[PDB]
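If you want the building blocks of each chain, they are given just below.
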Amino acid sequence: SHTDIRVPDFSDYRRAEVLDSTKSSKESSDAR
Amino acid sequence: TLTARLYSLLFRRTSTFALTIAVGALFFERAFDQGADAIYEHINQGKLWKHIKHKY
Amino acid sequence: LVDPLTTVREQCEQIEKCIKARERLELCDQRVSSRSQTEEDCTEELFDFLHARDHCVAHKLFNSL
Amino acid sequence: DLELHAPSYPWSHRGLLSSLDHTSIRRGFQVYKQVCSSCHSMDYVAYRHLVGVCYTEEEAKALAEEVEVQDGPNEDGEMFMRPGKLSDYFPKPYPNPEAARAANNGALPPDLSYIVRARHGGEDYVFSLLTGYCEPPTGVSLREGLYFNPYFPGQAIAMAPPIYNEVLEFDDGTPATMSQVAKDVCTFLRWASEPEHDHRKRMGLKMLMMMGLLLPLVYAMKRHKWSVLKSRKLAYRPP
Amino acid sequence: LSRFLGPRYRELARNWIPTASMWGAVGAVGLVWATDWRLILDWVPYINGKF
Amino acid sequence: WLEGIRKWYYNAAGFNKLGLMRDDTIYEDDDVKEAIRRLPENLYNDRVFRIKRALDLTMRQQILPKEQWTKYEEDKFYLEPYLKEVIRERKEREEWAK
Amino acid sequence: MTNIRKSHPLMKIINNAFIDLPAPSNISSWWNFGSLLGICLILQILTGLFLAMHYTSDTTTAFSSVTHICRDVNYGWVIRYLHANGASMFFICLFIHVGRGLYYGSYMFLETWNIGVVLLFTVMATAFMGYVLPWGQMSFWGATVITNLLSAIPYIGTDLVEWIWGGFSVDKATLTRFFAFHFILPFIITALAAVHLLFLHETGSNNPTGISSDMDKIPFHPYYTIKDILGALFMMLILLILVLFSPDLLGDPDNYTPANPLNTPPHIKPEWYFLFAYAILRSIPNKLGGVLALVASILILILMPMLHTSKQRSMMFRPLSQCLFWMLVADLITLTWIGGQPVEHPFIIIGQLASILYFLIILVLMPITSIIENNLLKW
Amino acid sequence: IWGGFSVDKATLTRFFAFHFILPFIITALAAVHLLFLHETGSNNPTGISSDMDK
Amino acid sequence: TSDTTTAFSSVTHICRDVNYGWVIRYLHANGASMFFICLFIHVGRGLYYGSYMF
Amino acid sequence: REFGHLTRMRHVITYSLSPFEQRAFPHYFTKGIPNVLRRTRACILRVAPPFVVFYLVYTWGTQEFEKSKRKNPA
Amino acid sequence: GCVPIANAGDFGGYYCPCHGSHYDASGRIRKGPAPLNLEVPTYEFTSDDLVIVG
Ligand code: HEC
Ligand code: HEM
Ligand code: HEM
Ligand code: HEM
Ligand code: FES
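Calculation criteria
Residues numbered from 1 in each chain as written, not as in the entry; some residues may be left out. Chains lettered and ligands numbered in written order. Part of a larger assembly, values for the part shown. Heavy atoms only, no water. UniProt positions renumbered as here; feature names shortened; annotations may be inferred. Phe/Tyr/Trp six-rings, centres within 6.5 Å; stacked < 30°, edge-to-face > 60°. Helix = DSSP H or I, 4+ residues; strand = E, 2+ residues; numbered from the N terminus. Buried < 20%, exposed > 50% of the residue type's maximum accessible area, 1.4 Å probe, protein only. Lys NZ or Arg CZ within 6 Å of the ring centre and 35° of its normal. Salt bridge = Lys/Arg side-chain N within 4 Å of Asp/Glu carboxyl O. Near = heavy atom within 4 Å. Polar contact = N/O pair within 3.5 Å; in protein donor to acceptor, adjacent residues only side chain to side chain. Nonpolar A, V, L, I, M, F, W, Y, C, P; charged D, E, K, R; others polar.

Method of determination, as given in the entry header: cryo-EM; reported resolution: 3.5 Å.

The PDB entry lists chain F under the name Cytochrome b-c1 complex subunit 7, with Sus scrofa as the source organism. Under its PDB header, the title given for this structure is "In-situ complex III, state I". Word for word, the UniProt comment on chain F under Sequence similarities (unreviewed entry) is "Belongs to the UQCRB/QCR7 family."

What follows is the structure in structure tokens.
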């Protein structure tokens, strides 16, 4: 049942830089 | 990005953070005092002592 | 020397509120004067007139000064 | 009974960030010097406070030097006269407080060091009371030596009419009309009650700008730290 | 509140009345002694000479 | 009828707007913690999650959507049978005390 | 081997009292006032000390010394008016804190509630003795009236009043002892506030919903430190606006007149934060009854944990109780205004009705209404 | 500290204010003193730990 | 009072006029000396029995 | 009262995100204004009436003082 | 105290007709918004040059 655990969609809160799921996070961590 | 450069040049270290804050306050005190005094003198132009010292 | 305060009083006594306060004031005046032994004083209507006139006067005056 | 509240005059310093017109302060000090100081007294302010407000240092020291002031014990214990200095408070016209009443009808002239800040209404009162003298209405007789003033509580003042047109000559040369004299002396009295008025307004401007800067930033910090909790998404999965 | 009273509480009250009354007497004597309450002290024999 | 007034008060109270039920809002007096402790496991878990969600909502000053409100006829008094027993036991202890 | 924060004794106390204290996750902005009062207290002490270093508590020099402070001491006027308006802010926050406690059923904390009542009484006493120090007309005559109030108590009466006066009436001795009591009292207030926090911490805090928040506690430091800092910044905004734009907004002008005992000012009213009591004073014709009602108005807060009958701790889910509470608040403002006004026909009857309503809502309307709500909600 | 150029009215008033406030700070510090002492217990004249004889 | 003009005289008013005032004044004056005697003896005790190890 | 023995939970999952990944003002005005309006609608019908009747009483008493104050024709 | 007629007046030794508050030989205010007459102090009358007054 642990596999059924899925994080809900947070895209309503995520900043503009970390919004796409295929763009990493390290490149914009410094800016944020 | 300019913000990223500012961060990982002068914000990462908390001691560098403190130095930045200290110098920023050093300049900000002068800038803010100058601006506020200039505005206040502009509002009351001709109504302060510094504007009438020349007459007497 | 002509005091601007007097001229402000003159032009500001024309306001119709001043007109009613003034006419009420003489309506107190002759009533108190004719009645010999009466304790009534026209200070009430006088104060009404003074308030009505002086609010207007405060609106004006300082511009001329 | 009844009292007439003073109308809200449009003072130069009425504004939220306005300052006393210091030229009018100088003229009002002139008025106090040659009109009010004769019978009225002012103590808490001194010639020293005049510098940097309405008179320059040379003018202030000349003003102090004009008057004569009693000093301490002499070489044998006498009360010798002395030309006043900048560190001297404004002389009191009557030596003992009762002597002021005795010289007058019996009512002592209140000190003006706080009369603007002590009378309910402020300058609008003190101004209007001067420019409010009128013949008493019919049916109310006033005692001999008393004067009718609607704005003064009780409508019976002990003032001889103090301010009338062409009473003094301003050094600047502005007309000496009674309204001008009253306005300038009222501004001077406001300065006397609140010397820090201009500085208070300046600091208030600084405070307004500083808070308009800080409050959004501190609110942003609060939102930043609380956003962990304001975006949490709970879930319940009982077996 | 009405949860009190009844059989058991009344004999508790009766048992503790003597001690409570003695404590009240203690308080009364301590009060009259502490403030030198005249009204009572012009009656007790030997202390009348204090005033 | 009185049930109309009861419905009106239920809607006016607003604890249904938070997804809560009547017994979820009762002040926890000395009897109440004992009553809660005796609750079965499933009811206790549901109660604690509901209260946690209510606190979450009130921290953001928000309410459940209109659909997910505990309707007055669906409200259940899960605590009431246990609270009655706790109160009765306390009354019996008090009566034996006097 | 272990963190100093939770191993050092003083650090341990500070940690489990301000850093790692579990607090409810949904406490509203009203709870912030609990911090503000404390900050106000410090702002009252730290500023107040700086007035004590140029104030001479002597009748011949008290008023002159205060004028010297405001006109000759470098930035002295800032300290003086900051102090006065900060006392006003202290009472504003105190009333809002009591309102929060009454509303969200906080008086179940009992010990904290009673300690709060004691703190409230001490603060009113402190402000009363404080107003006298400038030795103005209103200061002197308000002190005269409030002390003469105590003559109504039976038997001891005048002896107690003259004991407080240190003589036949208020004079130099009264001013000096008022200054000394005023200096000492705020430190007692600080110790009592420490006891208040100690009692509060054992049980946690009451969230707005009124339900136990043991399932949603969060660490204090990351969130509520910055939340209360924002609150303190807002309070500083309001206080600084008052000080730097209308310093004497909440202040009688006549206090700027040296106290002359031979002239009664036309109006004799206490500070704005005492009028609600003073109006109650004006309501009761009997002097002893007036004093008893005046003290009972504040003492009634002790009865609140006994007068709560609704099975819901908070008031968030109780509409009619909410309406009653807001009527009580409006009655409080009505009492304040009535106390401000003199005592004539339009105001006497209004004061009587306001006092009766103020007592009736607390003692009668609120409990019966709670019974009605419990019955209406099937319990 | 003089509040001027010598010991005068200003210095006297400041000294009175500090003399008033300071003993309360002393009281707080004494409470802290006792707090720190209680975590280890008092020392006997002999120096040896008195844990067995308390 | 805390004014140069009326400081010393005020103290005399405490000794000469206040009911049981001299006792309070001299109680303070000599209690200061007792406080310092006890303070010095406490410091000596700390030095002697090695209580400074805390 | 310290963390660890606060309460007992089971089967409760809390997802959360870093403060550095979210925007501190997410739809500040888009969603904030409707929420404030809803809260005002919920509270005003209970909070306003006592204050409005206080205003009526204040105005009535303030006007009552003057006419009792005013001159009586006699 | 608006310019009273002390020791004189149409009435007795007191008169203060600035306002409606006049006086009388016994001091009673004839009219006026004065709260009361000239204030009477508690005089424990033994006799002349023996009456106790405060
Ligand atoms: C000249 C520029 C002035 C100004 C601004 C004032 N006065 Fe006088 N004054 C005098 C007497 C006998 C009194 C007592 C009357 C009474 O108050 O019953 C006064 C009073 C005042 C006040 C107080 C009014 C109040 O509201 O209480 C004020 C503000 C005031 N004065 C201002 C006498 C004289 C006098 C000669 C005898 C002269 C000249 C002045 N005054 C001049 C002025
Ligand atoms: C409980 C917090 C306090 C309150 C509510 C309070 C209240 C007041 C008030 C209302 C005044 C009158 C101010 C005025 O009329 O101008 C005042 C003055 C004064 N207070 Fe306080 N005070 C507090 C704390 C303190 C403390 C701790 C001290 C001593 C350090 C102190 C010393 C003074 C002094 C010396 C004055 C006279 C200065 C003046 O004329 O304003 N106060 N206080
Ligand atoms: C000297 C002034 C006071 C100070 C400094 C003070 C301090 C505090 C603080 C810091 C809190 C925690 C924050 C909060 O819960 O709001 C608190 C809570 C509380 N105080 Fe006070 N308080 C004061 C006066 C009062 C008064 C007058 C009362 C009422 C009689 C009171 C009763 C309470 C209650 C019941 C709580 C718990 C509220 C809760 O957490 O839900 N306090 N106090
Ligand atoms: C404000 C004055 C002081 C107070 C009220 C105070 C209070 C106390 C008290 C009540 C004790 C426990 C009884 C005792 O062992 O004597 C104690 C212990 C102690 N105090 Fe102090 N103290 C004061 C000043 C000092 C000073 C000046 C020192 C030295 C720097 C000091 C160091 C100690 C030590 C070392 C102990 C432990 C002694 C032992 O355990 O045998 N204290 N203090
Ligand atoms: S001054 Fe004598 S009664 Fe008004």
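Draft legend 1. View of the packing of aromatic side chains. With the rule as written, the count across this model stands at 65 aromatic pairs over all chains. Measuring from ring centre to ring centre gives 5.9 Å for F15 of chain F and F317 of chain G, while their planes differ by 75°; the resulting arrangement is edge-to-face. Residue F15 of chain F is found in the loop between α1 (2-13) and α2 (30-37), and its partner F317 of chain G is found in the loop between α11 (287-307) and α12 (319-340); the two belong to separate chains. Owing to a relative accessible area of 0%, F15 of chain F belongs among the buried residues under this scheme. Among the residues examined, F317 of chain G registers a relative accessible area of 3% and is labelled buried. Just above the ring of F62 of chain C sits the side chain of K183 of chain D; from NZ or CZ to the centre is 5.3 Å. Note that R223 of chain D overlies the ring of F25 of chain J, its terminal NZ or CZ placed 5.4 Å from the centroid.

Draft legend 2. Quick look at the pattern of salt bridges. As enumerated under the stated definition, the model contains 48 salt bridges over all chains in all. The residue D37 of chain B makes a salt bridge to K206 of chain D at a minimum N-O spacing of 3.8 Å. A residue pair is termed interchain when its members come from two chains, as with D37 of chain B in helix α2 (residues 14-43) and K206 of chain D in helix α7 (residues 197-230). When the shortest N-O distance is used, the salt bridge between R6 of chain F and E3 of chain F registers 3.7 Å. Placement of both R6 of chain F and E3 of chain F in helix α1 is noted, with a separation of three residues, approximately one turn of the helix. Overall, the relative accessible area of 26% leaves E3 of chain F in the partly exposed class. Here the salt bridges share partners, and the residues they tie into one network are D33, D37 and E41 of chain B together with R202 and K206 of chain D.

Draft legend 3. Geometry of the site of ligand 4. Taken together, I26, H33, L34, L37, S42 and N43 of chain H together with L39, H42, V43, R45, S51 and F54 of chain I form the complete shell of residues around ligand 4. Surrounding ligand 4 are residues belonging to chains H and I, so the site spans chains. Residue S51 of chain I places a side-chain N or O atom 2.9 Å away from an oxygen atom belonging to ligand 4. Among the elements of the structure, α1 (9-38) of chain H together with α2 (21-48) of chain I are those that each provide at least two residues to the shell around ligand 4. Residues of the shell around ligand 4, tallied by class, amount to six nonpolar, five polar and one charged.

Draft legend 4. Spotlight on the site of ligand 3. All names here are of chain G. Surveying the vicinity of ligand 3 reveals 21 residues, the closest of which are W31, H97, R100, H196 and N206. In this structure, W31 approaches ligand 3 through a main-chain N or O atom, which is 3.1 Å from an oxygen atom. One of the side-chain nitrogen or oxygen atoms of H196 is found 2.4 Å away from a nitrogen atom of ligand 3. Put simply, the parts of the chain that give the shell around ligand 3 at least two residues each are α2 (32-52), α4 (76-103), α5 (111-132) and α8 (172-201). With six residues, the single largest contributor to the shell around ligand 3 is α5. Here the shell around ligand 3 is built from residues that sort into eleven nonpolar, nine polar and one charged.

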